[PDB]
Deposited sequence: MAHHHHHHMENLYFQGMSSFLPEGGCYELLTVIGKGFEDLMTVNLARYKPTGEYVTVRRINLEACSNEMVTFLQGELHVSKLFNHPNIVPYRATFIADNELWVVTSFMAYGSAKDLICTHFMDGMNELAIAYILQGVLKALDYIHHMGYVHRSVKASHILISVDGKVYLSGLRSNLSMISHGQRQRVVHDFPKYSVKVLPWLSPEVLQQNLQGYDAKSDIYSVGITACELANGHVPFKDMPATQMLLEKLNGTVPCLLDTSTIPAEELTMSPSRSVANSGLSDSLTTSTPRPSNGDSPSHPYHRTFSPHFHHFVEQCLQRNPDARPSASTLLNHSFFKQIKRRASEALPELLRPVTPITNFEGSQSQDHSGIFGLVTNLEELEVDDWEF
(Lines of atoms letter the chains of each structure in order from A and count residues from 1; the text may use other names and numbers.)
(Lines give C-alpha, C1' and ligand atoms only; values in the text may rest on other atoms or scores of the structure.)
Protein backbone atom coordinates (compact mmCIF):
# COMPACT_ATOMS: atom_id res chain seq x y z
CA UNK A 1 0.00 0.00 0.00
CA UNK A 2 1.86 3.06 -1.30
CA UNK A 3 1.17 6.65 -2.33
CA UNK A 4 3.13 6.66 -5.63
CA UNK A 5 0.40 5.86 -8.22
CA UNK A 6 1.03 9.30 -9.76
CA UNK A 7 4.21 7.64 -11.12
CA UNK A 8 3.31 7.79 -14.83
CA UNK A 9 3.33 11.55 -14.38
CA UNK A 10 6.05 11.44 -11.66
CA UNK A 11 8.43 10.94 -14.56
CA UNK A 12 8.03 10.85 -18.32
CA UNK A 13 9.29 14.38 -18.16
CA UNK A 14 12.76 13.10 -19.06
CA UNK A 15 14.60 6.91 -21.22
CA UNK A 16 13.28 4.20 -23.57
CA UNK A 17 13.18 4.49 -27.33
CA UNK A 18 9.83 3.90 -29.03
CA UNK A 19 9.72 0.17 -29.87
CA UNK A 20 8.50 0.71 -33.44
CA UNK A 21 10.31 0.25 -36.76
CA UNK A 22 9.01 3.52 -38.27
CA UNK A 23 10.88 5.61 -35.66
CA UNK A 24 14.22 4.66 -37.24
CA UNK A 25 15.67 5.81 -40.55
CA UNK A 26 18.34 3.26 -41.55
CA UNK A 27 21.63 4.72 -42.87
CA UNK A 28 24.90 2.81 -43.44
CA UNK A 29 25.75 -0.74 -42.55
CA UNK A 30 28.36 -0.34 -39.81
CA UNK A 31 28.80 -4.06 -39.09
CA UNK A 32 27.80 -7.70 -39.54
CA UNK A 33 27.47 -10.72 -37.24
CA UNK A 34 25.52 -13.68 -35.84
CA UNK A 35 26.84 -16.15 -38.42
CA UNK A 36 26.16 -13.51 -41.13
CA UNK A 37 22.48 -13.28 -40.23
CA UNK A 38 22.70 -9.96 -38.40
CA UNK A 39 23.10 -6.59 -40.06
CA UNK A 40 24.27 -3.77 -37.82
CA UNK A 41 22.96 -0.44 -39.06
CA UNK A 42 23.62 3.16 -38.12
CA UNK A 43 20.23 4.88 -37.71
CA UNK A 44 18.50 8.21 -37.06
CA UNK A 45 15.95 8.08 -34.21
CA UNK A 46 13.26 10.23 -35.89
CA UNK A 47 11.69 11.77 -32.72
CA UNK A 48 15.06 13.33 -31.69
CA UNK A 49 17.23 13.10 -34.81
CA UNK A 50 19.82 11.40 -32.54
CA UNK A 51 22.15 8.64 -33.88
CA UNK A 52 21.62 5.07 -32.71
CA UNK A 53 22.57 1.51 -33.68
CA UNK A 54 19.93 -0.89 -35.02
CA UNK A 55 20.83 -4.63 -34.95
CA UNK A 56 18.67 -6.64 -37.39
CA UNK A 57 18.19 -10.41 -37.70
CA UNK A 58 15.77 -12.27 -39.99
CA UNK A 59 14.00 -14.72 -37.67
CA UNK A 60 12.84 -16.77 -40.68
CA UNK A 61 16.49 -17.80 -41.21
CA UNK A 62 16.67 -18.85 -37.52
CA UNK A 63 15.96 -22.28 -36.05
CA UNK A 64 13.88 -22.59 -32.85
CA UNK A 65 17.10 -22.95 -30.84
CA UNK A 66 18.56 -19.81 -32.47
CA UNK A 67 15.45 -17.81 -31.49
CA UNK A 68 15.76 -19.09 -27.87
CA UNK A 69 19.48 -18.18 -27.83
CA UNK A 70 18.60 -14.67 -29.05
CA UNK A 71 15.79 -14.08 -26.48
CA UNK A 72 18.28 -15.04 -23.75
CA UNK A 73 20.51 -12.09 -24.81
CA UNK A 74 17.59 -9.70 -24.33
CA UNK A 75 16.89 -11.08 -20.87
CA UNK A 76 20.52 -10.79 -19.71
CA UNK A 77 21.04 -7.28 -21.14
CA UNK A 78 18.08 -5.87 -19.22
CA UNK A 79 19.55 -7.33 -15.98
CA UNK A 80 22.84 -5.43 -16.46
CA UNK A 81 23.37 -1.75 -15.73
CA UNK A 82 27.02 -0.64 -15.69
CA UNK A 83 29.09 2.33 -17.03
CA UNK A 84 31.21 -0.11 -19.14
CA UNK A 85 28.45 -2.37 -20.44
CA UNK A 86 26.64 -1.26 -23.61
CA UNK A 87 23.04 -0.18 -22.89
CA UNK A 88 20.12 -1.64 -24.83
CA UNK A 89 17.38 0.87 -25.65
CA UNK A 90 14.60 -0.99 -27.45
CA UNK A 91 13.77 -4.42 -28.73
CA UNK A 92 10.89 -5.20 -31.07
CA UNK A 93 9.70 -7.23 -34.06
CA UNK A 94 9.64 -5.34 -37.42
CA UNK A 95 7.87 -8.06 -38.99
CA UNK A 96 9.87 -11.20 -39.61
CA UNK A 97 12.96 -9.41 -38.14
CA UNK A 98 14.15 -8.96 -34.56
CA UNK A 99 15.27 -5.34 -34.12
CA UNK A 100 17.54 -4.46 -31.25
CA UNK A 101 18.47 -0.85 -30.72
CA UNK A 102 21.54 0.21 -28.74
CA UNK A 103 23.39 3.53 -28.38
CA UNK A 104 25.83 4.30 -31.22
CA UNK A 105 29.55 4.23 -30.36
CA UNK A 106 31.19 6.65 -32.80
CA UNK A 107 34.71 5.16 -32.76
CA UNK A 108 33.25 1.70 -33.41
CA UNK A 109 35.03 -1.33 -31.96
CA UNK A 110 38.74 -1.80 -31.03
CA UNK A 111 38.93 -4.15 -34.06
CA UNK A 112 37.43 -1.44 -36.34
CA UNK A 113 40.14 0.94 -35.08
CA UNK A 114 42.87 -1.62 -35.74
CA UNK A 115 41.57 -2.15 -39.30
CA UNK A 116 41.15 1.52 -40.20
CA UNK A 117 44.51 2.71 -38.90
CA UNK A 118 46.20 0.82 -36.03
CA UNK A 119 46.80 -2.25 -38.25
CA UNK A 120 50.11 -2.94 -36.52
CA UNK A 121 48.47 -2.73 -33.06
CA UNK A 122 47.62 0.06 -30.63
CA UNK A 123 49.89 2.06 -28.33
CA UNK A 124 50.27 0.63 -24.82
CA UNK A 125 48.61 3.49 -22.87
CA UNK A 126 45.50 3.07 -25.05
CA UNK A 127 45.40 -0.67 -24.24
CA UNK A 128 45.52 0.07 -20.51
CA UNK A 129 42.51 2.45 -20.74
CA UNK A 130 40.63 -0.01 -22.94
CA UNK A 131 41.34 -3.15 -20.84
CA UNK A 132 40.54 -1.36 -17.54
CA UNK A 133 36.98 -0.68 -18.81
CA UNK A 134 36.61 -4.30 -19.94
CA UNK A 135 37.78 -5.43 -16.52
CA UNK A 136 35.35 -3.21 -14.56
CA UNK A 137 32.54 -4.69 -16.73
CA UNK A 138 33.74 -8.28 -16.21
CA UNK A 139 33.95 -7.72 -12.43
CA UNK A 140 30.25 -6.70 -12.44
CA UNK A 141 29.24 -9.54 -14.80
CA UNK A 142 31.16 -12.06 -12.59
CA UNK A 143 29.64 -10.75 -9.33
CA UNK A 144 26.21 -11.32 -10.98
CA UNK A 145 27.07 -15.00 -11.40
CA UNK A 146 27.73 -14.88 -15.15
CA UNK A 147 30.53 -15.72 -17.55
CA UNK A 148 30.90 -13.52 -20.66
CA UNK A 149 32.45 -16.10 -23.02
CA UNK A 150 33.30 -13.71 -25.93
CA UNK A 151 35.77 -11.03 -24.81
CA UNK A 152 37.61 -9.91 -27.98
CA UNK A 153 38.48 -6.59 -29.68
CA UNK A 154 35.29 -6.56 -31.80
CA UNK A 155 33.27 -6.77 -28.57
CA UNK A 156 34.80 -3.57 -27.17
CA UNK A 157 33.17 -0.30 -28.29
CA UNK A 158 34.40 3.26 -27.86
CA UNK A 159 32.07 6.27 -27.81
CA UNK A 160 32.49 9.87 -29.12
CA UNK A 161 33.87 10.99 -25.75
CA UNK A 162 36.20 8.02 -25.14
CA UNK A 163 34.08 5.79 -22.90
CA UNK A 164 34.70 2.05 -23.23
CA UNK A 165 31.90 -0.53 -23.33
CA UNK A 166 31.96 -4.32 -23.34
CA UNK A 167 29.44 -5.73 -25.85
CA UNK A 168 28.83 -9.34 -26.96
CA UNK A 169 26.24 -10.22 -24.32
CA UNK A 170 24.67 -12.90 -26.59
CA UNK A 171 27.32 -15.42 -25.42
CA UNK A 172 26.79 -14.73 -21.66
CA UNK A 173 26.12 -17.81 -19.55
CA UNK A 174 24.73 -18.13 -16.02
CA UNK A 175 26.36 -20.54 -13.57
CA UNK A 176 23.29 -20.30 -11.32
CA UNK A 177 21.61 -23.74 -11.37
CA UNK A 178 18.63 -24.67 -9.12
CA UNK A 179 18.83 -21.30 -7.31
CA UNK A 180 22.52 -21.75 -6.43
CA UNK A 181 25.90 -20.82 -7.94
CA UNK A 182 27.80 -23.70 -9.56
CA UNK A 183 31.59 -23.87 -9.11
CA UNK A 184 32.03 -25.00 -12.74
CA UNK A 185 29.77 -25.07 -15.81
CA UNK A 186 29.96 -27.35 -18.91
CA UNK A 187 28.06 -25.66 -21.79
CA UNK A 188 29.92 -25.34 -25.10
CA UNK A 189 29.21 -21.77 -26.38
CA UNK A 190 26.73 -22.18 -29.24
CA UNK A 191 27.31 -20.32 -32.53
CA UNK A 192 30.84 -19.27 -31.48
CA UNK A 193 32.86 -20.66 -34.42
CA UNK A 194 35.31 -17.75 -34.87
CA UNK A 195 35.52 -16.89 -31.15
CA UNK A 196 37.60 -20.07 -30.67
CA UNK A 197 41.06 -18.37 -30.60
CA UNK A 198 40.04 -16.22 -27.55
CA UNK A 199 38.73 -19.29 -25.67
CA UNK A 200 40.59 -20.81 -22.72
CA UNK A 201 41.72 -24.48 -22.91
CA UNK A 202 39.13 -25.54 -20.28
CA UNK A 203 36.23 -24.04 -22.28
CA UNK A 204 37.54 -25.72 -25.46
CA UNK A 205 38.20 -29.22 -24.08
CA UNK A 206 34.56 -30.26 -23.81
CA UNK A 207 33.62 -33.25 -21.66
CA UNK A 208 36.51 -32.45 -19.30
CA UNK A 209 36.68 -30.35 -16.10
CA UNK A 210 34.53 -27.36 -17.15
CA UNK A 211 35.02 -23.63 -16.48
CA UNK A 212 34.27 -20.47 -14.45
CA UNK A 213 34.79 -16.68 -14.66
CA UNK A 214 38.57 -17.08 -14.80
CA UNK A 215 38.10 -18.34 -18.38
CA UNK A 216 37.11 -14.74 -19.28
CA UNK A 217 40.38 -13.62 -17.72
CA UNK A 218 42.33 -15.73 -20.22
CA UNK A 219 40.31 -14.07 -23.01
CA UNK A 220 41.41 -10.68 -21.63
CA UNK A 221 45.04 -11.76 -22.19
CA UNK A 222 44.35 -13.00 -25.73
CA UNK A 223 42.65 -9.65 -26.38
CA UNK A 224 45.77 -7.88 -24.97
CA UNK A 225 47.86 -9.73 -27.57
CA UNK A 226 45.28 -8.94 -30.26
CA UNK A 227 45.38 -5.23 -29.27
CA UNK A 228 49.19 -5.08 -29.16
CA UNK A 229 49.84 -6.95 -32.41
CA UNK A 230 46.75 -6.17 -34.47
CA UNK A 231 46.16 -9.90 -35.02
CA UNK A 232 44.79 -12.56 -32.66
CA UNK A 233 47.14 -15.47 -31.72
CA UNK A 234 46.37 -18.81 -33.48
CA UNK A 235 44.62 -17.14 -36.46
CA UNK A 236 43.94 -19.45 -39.47
CA UNK A 237 45.10 -22.32 -37.24
CA UNK A 238 43.01 -25.57 -37.53
CA UNK A 239 40.47 -26.51 -34.80
CA UNK A 240 43.18 -28.48 -32.91
CA UNK A 241 44.84 -25.16 -31.96
CA UNK A 242 44.02 -26.72 -28.59
CA UNK A 243 47.45 -28.39 -28.41
CA UNK A 244 49.42 -25.12 -28.58
CA UNK A 245 47.11 -23.46 -26.01
CA UNK A 246 48.19 -26.36 -23.82
CA UNK A 247 56.13 -2.80 -24.38
CA UNK A 248 56.63 -2.11 -20.64
CA UNK A 249 57.53 -5.08 -18.37
CA UNK A 250 54.28 -4.54 -16.39
CA UNK A 251 52.33 -5.25 -19.59
CA UNK A 252 54.22 -8.52 -20.07
CA UNK A 253 53.49 -9.65 -16.49
CA UNK A 254 49.85 -8.65 -16.97
CA UNK A 255 49.53 -10.82 -20.09
CA UNK A 256 51.45 -13.76 -18.58
CA UNK A 257 49.10 -13.74 -15.58
CA UNK A 258 45.90 -13.85 -17.65
CA UNK A 259 47.31 -16.65 -19.80
CA UNK A 260 48.16 -19.20 -17.09
CA UNK A 261 47.20 -22.80 -17.95
CA UNK A 262 45.78 -23.28 -14.44
CA UNK A 263 42.61 -21.10 -14.12
CA UNK A 264 42.81 -21.37 -10.28
CA UNK A 265 46.17 -19.61 -10.61
CA UNK A 266 44.61 -16.76 -12.69
CA UNK A 267 43.63 -13.59 -10.79
CA UNK A 268 40.02 -12.35 -10.67
CA UNK A 269 39.04 -9.18 -12.57
CA UNK A 270 38.93 -7.15 -9.33
CA UNK A 271 42.51 -7.96 -8.26
CA UNK A 272 43.68 -7.66 -11.87
CA UNK A 273 42.45 -4.07 -11.75
CA UNK A 274 45.02 -3.56 -8.97
CA UNK A 275 47.80 -4.86 -11.28
CA UNK A 276 50.86 -2.67 -11.89
CA UNK A 277 49.93 -2.43 -15.59
CA UNK A 278 47.16 0.11 -14.94
CA UNK A 279 49.33 2.46 -12.81
CA UNK A 280 50.18 4.42 -16.01
CA UNK A 281 46.55 5.71 -16.16
CA UNK A 282 39.94 8.32 -19.42
CA UNK A 283 37.20 10.11 -21.37
CA UNK A 284 39.66 12.81 -22.50
CA UNK A 285 42.86 10.72 -22.64
CA UNK A 286 41.54 8.10 -25.11
CA UNK A 287 40.19 10.26 -27.97
CA UNK A 288 43.66 11.82 -28.28
CA UNK A 289 45.44 8.41 -28.17
CA UNK A 290 43.21 7.39 -31.12
CA UNK A 291 44.41 10.25 -33.35
CA UNK A 292 44.32 10.66 -36.36
CA UNK A 293 41.11 8.60 -36.51
CA UNK A 294 38.08 10.86 -36.68
CA UNK A 295 34.57 9.70 -35.78
CA UNK A 296 31.52 11.26 -37.46
CA UNK A 297 29.23 13.48 -35.39
CA UNK A 298 1.90 -23.01 -56.86
CA UNK A 299 -1.54 -24.67 -56.40
CA UNK A 300 -4.78 -22.64 -56.67
CA UNK A 301 -6.53 -21.70 -53.41
CA UNK A 302 -8.63 -23.97 -51.17
CA UNK A 303 -12.39 -23.84 -51.55
CA UNK A 304 -14.45 -23.96 -48.38
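What the model leaves out of the deposited chain are the segments 1, 16 to 17, 250 to 305, 341 to 343, 360 to 382.
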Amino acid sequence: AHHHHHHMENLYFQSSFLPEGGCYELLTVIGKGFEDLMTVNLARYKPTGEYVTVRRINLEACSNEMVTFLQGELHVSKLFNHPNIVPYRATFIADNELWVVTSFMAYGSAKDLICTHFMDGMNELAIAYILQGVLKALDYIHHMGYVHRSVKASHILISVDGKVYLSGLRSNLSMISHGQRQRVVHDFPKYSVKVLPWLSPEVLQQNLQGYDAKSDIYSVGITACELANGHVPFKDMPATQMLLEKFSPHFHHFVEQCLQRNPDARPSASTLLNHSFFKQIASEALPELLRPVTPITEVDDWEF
From here on, numbers count along this sequence of modelled residues.
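Ranked by C-alpha B-factor against the other modelled residues of its chain, residue 60 falls in the lowest third. Looking at the C-alpha B-factors along this chain, the one for residue 22 belongs to the lowest third.
Remark: residue 71 belongs to the lowest third of its chain, ranked by C-alpha B-factor as recorded. Compared with the other modelled residues of the chain, the Cα B-factor recorded for residue 189 ranks in the highest third. In the PDB entry, residue 248 places in the middle third of its chain by CA B-factor.
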